[PDB]
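# Descriptive analysis of the structure
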Amino acid sequence: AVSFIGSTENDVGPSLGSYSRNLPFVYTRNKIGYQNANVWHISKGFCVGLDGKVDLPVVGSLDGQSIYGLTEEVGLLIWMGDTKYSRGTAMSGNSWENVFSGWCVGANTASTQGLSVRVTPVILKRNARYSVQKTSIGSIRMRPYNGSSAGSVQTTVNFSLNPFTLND
Ligand SMILES: C[Se][C@@H]1O[C@H](CO)[C@@H](O)[C@H](O)[C@H]1NC(C)=O
């Protein structure tokens, strides 16, 4: 079985957090993130992975991963994936991408399926502080497999970047 147990709208990073440092310049480990181990409850052999999608415009790339634009001065490198931050998948493009290959809970037990979103800021144009306002980032959808069914359960949750300030 499967049930939606998380929230539809999720904020990434602490509200009004401040982070200190040729263009572009990359700043923050897992500070600017959202993590929740319990977004769906799954049981009895339900098999499930995750897809992710970023809606922000791509304004460049670094090492195979897109730089997503927020404003003229600030961009973002983004990762989406399973609960643990180290399992994040670097995002590229604006399409749904596989960000967690998946797992199956045992035939006779129960657990939960989680997710995480992480971003690190990139300075694109220098001006001595850069502030960004609350911005929609994208979404993550569960991906049942092995015959498992999404059914009527809510499949998608969204993410918004909480406002932040970058210090020279
Ligand atoms: C460690 Se069990 C279970 O594993 C799945 C797949 O890795 C993860 O998405 C869930 O967040 C986790 N639930 C917990 C920790 O409560």
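Parameters and conventions
Residues numbered from 1 in each chain as written, not as in the entry; some residues may be left out. Heavy atoms only, no water. Residues with missing side-chain atoms left out of burial classes, pairs and counts. Salt bridge = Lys/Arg side-chain N within 4 Å of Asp/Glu carboxyl O. Helix = DSSP H or I, 4+ residues; strand = E, 2+ residues; numbered from the N terminus. Pairing = 2+ DSSP bridges. Axes fitted to C-alpha atoms, helices over the stretch in contact; angles between N-to-C directions. Buried < 20%, exposed > 50% of the residue type's maximum accessible area, 1.4 Å probe, protein only. Contact = heavy atoms within 4.5 Å. Polar contact = N/O pair within 3.5 Å; in protein donor to acceptor, adjacent residues only side chain to side chain.

X-ray crystallography is the method the PDB entry states for this structure, with the resolution given as 1.75 Å.

Let us look at the pattern of salt bridges. Once their charged atoms are close, side chains differing in charge can pair, the charge on each being opposite to the other. This structure, assessed with the given rule, holds four salt bridges. For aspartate 51, the salt bridge identified is with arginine 143, shortest N-O distance 2.8 Å. A salt bridge links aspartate 55 to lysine 53; its shortest N-O distance comes to 2.7 Å. Overlapping salt bridges bring together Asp51, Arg141 and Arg143 as one network.

The subject of this paragraph is unusual backbone geometry. That bond from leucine 23 to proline 24 is cis: its omega, 0°, falls within 30 degrees of zero. In this structure, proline 24 sits in the loop between β3 (17-20) and β4 (25-26). Residues other than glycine seldom take positive phi values, yet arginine 29 does so here, at roughly 45°. Turning to its location among the elements, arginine 29 is positioned in the loop between β4 and β5 (33-43).

Another point: the sheet that holds β3. What links the strands of a sheet is backbone hydrogen bonding, and the strands pair in either a parallel or an antiparallel sense. With respect to topology, three strands assemble into an open sheet ordered β3-β16-β13, the strand pairing being mixed. The open sheet terminates on both sides in strands that have one partner only, identified here as β3 and β13 (129-132). Between one strand and the next, the sheet's axes are offset by a mean angle of 20°, whatever the strand orientation. With four bridges connecting them, β13 and strand β16 (residues 164-167) associate as antiparallel partners. The residue of β16 that forms the bridge with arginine 129 is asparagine 167.

Structurally, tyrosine 145 is set in the loop between β14 (135-144) and β15 (156-161). Given a relative accessible area of 28%, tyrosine 145 falls into the partly exposed group. Look past the residues within four positions of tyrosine 145 in its chain and what remains in contact with it is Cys47, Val48, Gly49, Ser101, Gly102, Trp103 and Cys104. A polar contact is formed between the side chain of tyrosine 145 and the backbone nitrogen of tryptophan 103, at a distance of 3.1 Å.

Burial analysis of strand β8 (residues 65-69) places five of its five residues in the buried class, which makes it a mostly covered element. Here strand β7 (residues 58-62) runs beside β8; their pairing, made up of four bridges, is antiparallel. In the strand pairing of β8, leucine 62 is matched with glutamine 65. For β8 and strand β9 (residues 74-81), the ladder comprises two bridges, and the chain directions are antiparallel. Considered in β9, the bridge of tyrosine 68 is made with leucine 76. Between β8 and the antiparallel strand that follows it, β9, lie four residues.

So, on to the sheet that holds strand β6 (residues 47-54). Taken in spatial order, the five strands of this open sheet run β2-β15-β14-β6-β11, and their pairing is mixed. Strand pairing shows two members of the sheet lacking a second neighbour, β2 (9-12) and β11 (97-104), which therefore form its edges. Averaged over neighbouring strand pairs, the angle between their axes works out to 25° when direction is ignored. Relative to β14, β6 is paired through seven bridges, and the arrangement is antiparallel. Residue pairing in the sheet places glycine 49 in a bridge with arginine 143 of β14.

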